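**Student:**
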Amino acid sequence: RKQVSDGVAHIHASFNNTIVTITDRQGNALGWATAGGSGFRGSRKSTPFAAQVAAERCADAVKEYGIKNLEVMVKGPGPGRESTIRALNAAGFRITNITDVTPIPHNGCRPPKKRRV
Amino acid sequence: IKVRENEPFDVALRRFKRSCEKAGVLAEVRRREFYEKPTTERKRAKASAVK
Amino acid sequence: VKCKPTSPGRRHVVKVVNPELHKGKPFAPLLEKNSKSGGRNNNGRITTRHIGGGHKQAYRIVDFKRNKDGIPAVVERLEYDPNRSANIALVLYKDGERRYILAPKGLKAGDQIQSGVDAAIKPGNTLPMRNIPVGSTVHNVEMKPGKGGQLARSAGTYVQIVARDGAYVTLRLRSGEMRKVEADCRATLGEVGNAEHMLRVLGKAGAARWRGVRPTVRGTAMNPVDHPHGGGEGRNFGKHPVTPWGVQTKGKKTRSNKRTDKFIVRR
Amino acid sequence: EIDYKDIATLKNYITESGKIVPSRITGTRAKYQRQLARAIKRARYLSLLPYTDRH
Amino acid sequence: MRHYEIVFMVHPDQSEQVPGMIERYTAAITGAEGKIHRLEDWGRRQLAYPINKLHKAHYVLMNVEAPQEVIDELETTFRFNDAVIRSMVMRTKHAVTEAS
RNA sequence: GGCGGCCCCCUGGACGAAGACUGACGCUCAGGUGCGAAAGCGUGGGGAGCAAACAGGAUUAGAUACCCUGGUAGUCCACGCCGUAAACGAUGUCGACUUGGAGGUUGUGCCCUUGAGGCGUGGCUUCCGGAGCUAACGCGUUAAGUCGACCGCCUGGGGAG
RNA sequence: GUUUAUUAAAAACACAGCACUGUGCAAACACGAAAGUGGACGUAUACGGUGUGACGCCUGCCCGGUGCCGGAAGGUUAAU
């Protein structure tokens, strides 16, 4: 229903959750899923079993848009860094690139301090 | 920070970016940075390493 | 008051420490080209603008339009204006004429005055903003593009040229920075002339508000024959708005011609 | 090695992480290294020494 | 006469505008009596970052023996020029005269 | 103290040197002169991101709480009364001190510069060496062992800042 | 002070700064049926609300209620 051939995988890895977010070769949405919202919502939803199931469950939908291969875009990782990559490729969407642009972020914007933790 | 895979049978050639940019950049920053007390600590560590 | 010349008030030796102490800006006669402002309110008949006391207006500076652009000019003096607190100055133009211009802080030497389409970027009469660079200071702004000076005075209202905004629809100003008016308007440069006469109290009173007028002083307090309040006995104590028209927030405008304000973030 | 025509031949001192390696590996005299350091600097800001892979 | 190593970036495809536009930049340097050690057409080369969207520039470098009275005028007439992507100025520790 | 990119101007300090010119015009200072980390006074504001107060959801033996989203001030400061506390050889002024020998660095004299610096040699810094001095840790000559010009502080509890 | 000549003669208080506030401008107000004259020969540091209580500090806090309004996620249920 789209025959785009090319997808662009924003792997929210993550520190608290897992959301594998596919946009098209231009930049609008294409297909997605998650761990926490699939049945896991609590202190249990970022786990290496969950992060692979997020990617596999994103692939069950993404298939309908006509898309065979992709790059990986890193702009906020966490547990687990390669797990969501392997899992789109397993589920047959070819990883032709990893774009590791990920904002640290750097000193002067000094991100949330939280509990001393 | 941009790295191909070829024929992609999930090759896992993606590994060499651990040298600095992917992996080393967390010395300061994690939630939160360290804020106070990391400056003389970098050169304190040079003495624990003499072995 | 932190500029120079700052001119400070006296020691506590008399009742008037302030007003302004500036030497070197009153002169006489009131020179050939001048006029005044007329009688008391006299609107015809039951007068709507309160408290009055309307003697001695008095004289005003007759130079508007100021469209004398590329004829170069030089500076004899600077003066005051008590209607606007302003740094207004005597500009001799080298065709054969003397004007009165809304000049900045210390624009004398007798300087290099000249303006217009492409010809200059200098201190400059009235200058089209489409012809010239970006800057913080602008001043005159022909309020709609052929009318005349939006600001007749250099009192600190920095109205600021932005660069490539919206096809020529520049200015970044006071109460609504998306005022959006065309760079076909004319500037002068710039908005700080007399800070001193307005960065401090002149008086409690001084001549500016008692020798020839009264200001506001009352509306609500005393005699219920006016405002919606309030019995007597010094109590008042009620719910009393500014009827029928409102006060401490509401807005008043719906429709009108131009009406270009576009975002107006308020507060 | 103070100026341009030599640092386009010395890009051997760039380790794979995209940065200039400590001279332990060959052993250069301080004057010569401290010359080449400023030859490198002008070639950095002018992109005539195009620093790491994507730039 | 500071030896200003100045790199300026103009619009990529205007190959017919730029030969004369170097004449409209050197015209400030000769005025000074200042003088050109090197002056390089670097061509339609690609960019390190996405600046002014056409992913190339027309790069020009020179090494001028020219006084401080020109460099804020140069800076201005690059900056006020809507065809100039970015422009930067290094100086001194002798002259460069050898091309890049 | 205290700045992190580079530059134009005013061009601090210096300080590596052929020397020239005058011969202690010197050192070192109290009252004062400048400077002045925390903070209040500002007077008008420049009004990201984070986070005291602000504002709650929440963990409730009371949280008057720490989370976590949201939150200013601190960021910094034109300009100026700023004393001031943790800026300790628990310590100034210093010249003579010539067993020293070992590094870390900077500039530099001399070499068929076949050379990783060889022979040198001040400065900046640290290492840590006898006779002595001496508790116990060891400090071991520029260091407390000699010799000294003062502008000093030093009047015991608790009375006090 | 000579202020409400007329109860008090001030033991009224007219000051004057200001956070907010009315209007991006045929600007607020409209006395007059038609003015566009005040404000203007003028811009939101001109001019008007509601006041201010030397001067300089100082304005903690506390939103249950009721103001002030401003909005739109959605229900009461009118011209249309």
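Protein chains in written order, with PDB author numbering: chain AC, 12 to 128; chain AQ, 3 to 53; chain BN, 3 to 269; chain AK, 19 to 73; chain AT, 1 to 100. Even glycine gets a Cβ: it sits at the ideal position worked out from N, Cα and C.
Determine which residues of the stretch 37 to 53 of chain AQ have a Cβ less than 9 Å from any Cβ of chain AK, and write them out in chain order.
**Tutor:** Taking 9 Å as the Cβ-Cβ cut-off against chain AK, none of the residues of the stretch 37 to 53 of chain AQ qualify.
**Student:** Under 8 Å: do the stretch 44 to 54 of chain AK and the stretch 28 to 39 of chain AT share three or more Cβ pairs, one atom per stretch?
**Tutor:** In short, these stretches do not touch, since the Cβ pair count stays below three.
**Student:** What's the C-alpha gap between AK:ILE43 and AK:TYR31?
**Tutor:** Their Cα atoms are separated by approximately 10 Å.
**Student:** How about BN:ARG216 and BN:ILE63: do their beta carbons lie closer than 8 Å?
**Tutor:** No, these two residues do not count as a Cβ contact at 8 Å.
**Student:** On the three-state DSSP scale, how would you describe BN:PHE265?
**Tutor:** If DSSP states are grouped into helix, strand and coil, BN:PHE265 belongs with coil.
**Student:** Alpha carbon to alpha carbon, how far is BN:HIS24 from BN:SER9?
**Tutor:** Whole-angstrom Cα-Cα distance: 6 Å.
**Student:** Are BN:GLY118 and BN:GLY72 touching if we call contact CB-CB under 8 Å?
**Tutor:** In this structure, BN:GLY72 lies closer than 8 Å to BN:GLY118 by Cβ.
**Student:** What do you reckon, are the CB atoms on BN:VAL161 and BN:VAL140 nearer than 8 Å?
**Tutor:** Going by C-beta atoms, BN:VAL161 is nearer than 8 Å to BN:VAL140.
**Student:** With 16 as the cutoff for other CB atoms within 10 Å, does BN:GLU193 come out buried or exposed?
**Tutor:** BN:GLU193 should be labelled buried.
**Student:** Since AK:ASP21 meets chain AT, which of its residues come closer than 7 Å, beta carbon to beta carbon?
**Tutor:** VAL96, listed in chain order.
**Student:** Whose C-beta lies closer than 6 Å to the C-beta of BN:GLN152 among residues of the same chain, with five residues either side of it excluded?
**Tutor:** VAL143, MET145.
**Student:** What are the boundary residues of the beta strand (DSSP E) that AT:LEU39 is part of?
**Tutor:** Here the beta strand (DSSP E) through AT:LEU39 covers 35 to 43.
**Student:** For BN:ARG100, which residues in the same chain have their Cβ closer than 6 Å to its Cβ, ignoring the five residues on either side in sequence?
**Tutor:** Counting only Cβ-Cβ distances below 6 Å, and skipping sequence neighbours, we find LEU94.
**Student:** Of the residues AC:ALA70, AC:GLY48, AC:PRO59, AC:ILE96, which one's Cα is nearest the Cα of AC:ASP111?
**Tutor:** Minimum Cα distance to AC:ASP111 is reached at AC:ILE96.
**Student:** Can BN:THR159 and BN:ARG176 be called in contact, C-beta distance under 8 Å?
**Tutor:** Yes, the pair counts as a contact, with Cβ atoms nearer than the cut-off.
**Student:** Between AC:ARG105 and chain AQ, is the shortest Cβ-Cβ distance under 8 Å, so that the two count as touching?
**Tutor:** So, interface residue.
**Student:** Have a look at the DSSP bridge pairing and note the partners of BN:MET145.
**Tutor:** BN:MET145 is not bridged to any residue.
**Student:** When you compare the stretch 48 to 67 of chain AC with the stretch 22 to 38 of chain AC, are there three or more beta-carbon pairs, one atom per stretch, that lie closer than 8 Å?
**Tutor:** Contact holds: three or more Cβ-Cβ distances are below 8 Å.
**Student:** Counting only runs of 4+ residues fully inside the stretch 37 to 89 of chain AC, write out the alpha helix (DSSP H) ranges in chain order.
**Tutor:** Complete alpha helix (DSSP H) runs here, min 4: 59 to 73.
**Student:** Within 8 Å of any Cβ in chain AQ, is that where the Cβ of AK:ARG56 sits?
**Tutor:** No, AK:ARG56 does not count as interfacial toward chain AQ.
**Student:** Rounding to the nearest angstrom, what Cα-Cα distance links AQ:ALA51 and AC:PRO90 in this structure?
**Tutor:** Taking the straight line from one Cα to the other gives about 30 Å.
**Student:** Check this for me: beta carbons of BN:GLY232 and BN:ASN238, under 8 Å apart or not?
**Tutor:** Cβ distance < 8 Å, so BN:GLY232 and BN:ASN238 count as in contact.
**Student:** First and last residue of the alpha helix (DSSP H) that includes AC:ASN100?
**Tutor:** 94 to 101 is the span of the alpha helix (DSSP H), which, as asked, contains AC:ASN100.
**Student:** With C-beta atoms as the reference, is AT:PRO19 less than 8 Å away from AT:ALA57?
**Tutor:** Contact: no.
**Student:** Any beta carbon of chain AT sitting closer than 8 Å to that of AK:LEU64?
**Tutor:** So yes, AK:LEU64 belongs to the interface.
**Student:** Contact criterion: CB-CB distance below 8 Å. Does AK:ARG72 meet it with respect to chain AQ?
**Tutor:** Answer yes: the Cβ-Cβ gap between AK:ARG72 and chain AQ drops below 8 Å somewhere.
**Student:** Shorter than 8 Å from the beta carbon of AQ:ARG20 to some beta carbon of chain AC?
**Tutor:** Chain AC contact via Cβ: absent.
**Student:** Taking AC:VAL83 and AC:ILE115 to be in contact with their CB atoms under 8 Å, please state how far apart those CB atoms are, rounded to whole angstroms.
**Tutor:** Between AC:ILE115 and AC:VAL83 the Cβ distance is about 18 Å, and since that is not below 8 Å, they are no contact.
**Student:** Please confirm if AT:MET21 has its CB atom under 8 Å from at least one CB of chain AK.
**Tutor:** So no, AT:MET21 is outside the interface.
**Student:** Identify the contact partners of AK:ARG60 in chain AT, using a Cβ-Cβ distance below 8 Å as the criterion.
**Tutor:** The contacting residues are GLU5, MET90.
**Student:** What span of residues does the beta strand (DSSP E) with AT:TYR59 cover, start to end?
**Tutor:** Where AT:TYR59 is concerned, the enclosing beta strand (DSSP E) stretches over 58 to 65.
**Student:** At the level of alpha carbons, what is the spacing between BN:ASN43 and AT:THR76?
**Tutor:** Those two C-alpha atoms are separated by around 55 Å.
**Student:** Go ahead and label AK:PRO40 buried or exposed: buried means 16 or more other beta carbons lie within 10 angstroms of its beta carbon, across all protein chains shown.
**Tutor:** Classification of AK:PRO40: exposed, given that the 10 Å Cβ count is below 16.
**Student:** Residues in the stretch 91 to 120 of chain AC with C-beta within 9 Å of chain AQ's C-beta atoms, listed in sequence order?
**Tutor:** From the stretch 91 to 120 of chain AC, only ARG92, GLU93, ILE96, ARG97, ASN100, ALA101, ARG105, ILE106, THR107, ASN108, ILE109, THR110, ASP111, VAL112, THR113, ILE115, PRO116, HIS117, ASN118 have a Cβ closer than 9 Å to chain AQ.
**Student:** Check whether the stretch 57 to 68 of chain AT and the stretch 18 to 35 of chain AT touch, using three or more Cβ-Cβ pairs below 8 Å as the test.
**Tutor:** Enough Cβ pairs lie closer than 8 Å, so yes.
**Student:** If you reduce the DSSP assignment to three classes, tell me which class AQ:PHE18 lands in.
**Tutor:** Here AQ:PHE18 sits in helix by DSSP.
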